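Just below is one structure, and these are the notes that go with it.
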Amino acid sequence: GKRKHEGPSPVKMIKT
Amino acid sequence: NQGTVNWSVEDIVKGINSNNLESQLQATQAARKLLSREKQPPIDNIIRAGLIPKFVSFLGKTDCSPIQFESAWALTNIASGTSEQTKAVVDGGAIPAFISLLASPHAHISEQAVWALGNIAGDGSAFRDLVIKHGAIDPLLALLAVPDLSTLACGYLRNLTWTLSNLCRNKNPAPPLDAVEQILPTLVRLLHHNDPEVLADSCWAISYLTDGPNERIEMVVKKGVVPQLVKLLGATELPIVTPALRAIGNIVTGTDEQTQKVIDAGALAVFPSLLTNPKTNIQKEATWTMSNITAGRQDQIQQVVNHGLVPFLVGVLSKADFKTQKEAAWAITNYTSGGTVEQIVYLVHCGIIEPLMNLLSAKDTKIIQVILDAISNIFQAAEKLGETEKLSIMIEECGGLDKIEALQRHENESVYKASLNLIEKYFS
């Protein structure tokens, strides 16, 4: 019985 | 530069609508600065003013690299907003224009286009795939085609790595198989780089690629990254351990053979630290990972035993965040369903019973079912040894019978069925 997963870098970043 | 500070949007529009490229440049810079302030950049105002198409046309002005940079940056910041705001950048034709900038002779402009494409790809599967269809991958990879990564500016390398990880990122659907294959070799290389942020994002990307069907896992495992992942699993920087562990965890959701790669690489030796890690999430993911390993072959369970990890599972079950304990319950049920009688007995000698019984007081229904399954598998092991009597007593004098009996009054159907059963069958 394997069970798939189903603080990461953000999907978007603003440059300030 | 104070001459372009705090412009009104209407002043920006006035400047961009002039027939004067220098005036347009100054106005675009003023827009960048508006869009670059910390609190509430007026992205919607800038969009509403119809500026996006002009910014996009400025991307094409090879003879004025400053206005290419300013507009690239303005568009990056618009693309960093909501899906609707990113969509506005895409609808303006920004994707092919940014791809053309990837090859710019000016490093800061190339880098800006890398960042913009990362924001666009990061919006979701569809824009990710649209960036790939426009041919982003070849030029992106060409920027990393140098003998030694260390000769690249640190910030530049981090941005490229981050954008590549967004190209690997979403699912439903996952990235095109062809795009993954094209990207993987450069990813394996970044995964050996000495910069912690490059390593963090490289691992995140590998974790995205290994999150899916076993065929996806296989094309990653075939590239020989597992030893490097295991090394990174032991890093001191939490930002590196977290994605390394995610990738390792995904890889052991695969076939027995893919799982064996992780064990052979030496991953199990790191789990005494991971299963006691001060970061709650690391503990949780580590226990999840263990649950998939104990769902493996008996010889794989045996290596879990040999590495002294069963006492660590008893530990987590005895005291941990509840979500982690639930994972530990799964690890135990998987172990007990697949293990030999001797492995199962060993589990009991390590003290699994009491902590298991205490968790029968949990309000969560799923963990209760999981635990009853484990207890059944253990009784089953003890039947073959004719020691069911002795097991019954253990469960009794640690409050277990009180738990199981009460579970007959329990609401769920599947629970009272397993509970009543256990009683009549082993506790007369």
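Following Swiss-Prot, chain B shows residues 70-497, kept in their order.
The way this entry was determined, per its header, is X-ray crystallography, 2.2 Å.
Keep in mind that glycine also has a Cβ here, set from the backbone N, Cα and C atoms.
In Swiss-Prot this protein carries:
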REPEAT    B:71-111  repeat 'ARM 1'
REPEAT    B:112-151  repeat 'ARM 2'
REGION    B:142-238  region 'NLS binding site (major)'
REPEAT    B:152-193  repeat 'ARM 3'
REPEAT    B:200-244  repeat 'ARM 4'
REPEAT    B:246-282  repeat 'ARM 5'
REPEAT    B:283-322  repeat 'ARM 6'
REGION    B:315-403  region 'NLS binding site (minor)'
REPEAT    B:325-364  repeat 'ARM 7'
REPEAT    B:367-409  repeat 'ARM 8'
REPEAT    B:410-456  repeat 'ARM 9'
REPEAT    B:457-496  repeat 'ARM 10'
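Listed as Cβ neighbours of the repeat 'ARM 7' (B:325-364) (distance under 8 Å, sequence separation of 6 or more from its ends, same chain) are residues 283, 286-287, 290, 295-296, 298-299, 302-303, 307, 310-311, 314-315, 317-318, 370, 372-373, 376-378, 381-382, 384-385, 389-390, 392-393, 396-397, 399-401, 403-404, 406-408. Proximity of distant same-chain residues to the repeat 'ARM 3' (B:152-193), defined by a Cβ-Cβ separation under 8 Å and at least 6 residues beyond the stretch ends, is recorded for 112-113, 116, 121-122, 124-125, 128-129, 134, 137-138, 141-142, 144-145, 199-200, 203-205, 208-209, 211-212, 222, 224-225, 228-229, 231-232, 235-236, 238-239.
Same-chain residues lying 6 or more positions outside the repeat 'ARM 10' (B:457-496) and placing a CB less than 8 Å from one of its CB atoms are 417, 422-423, 426-427, 429-430, 434, 437-438, 441-442, 444-445, 447-448, 451.
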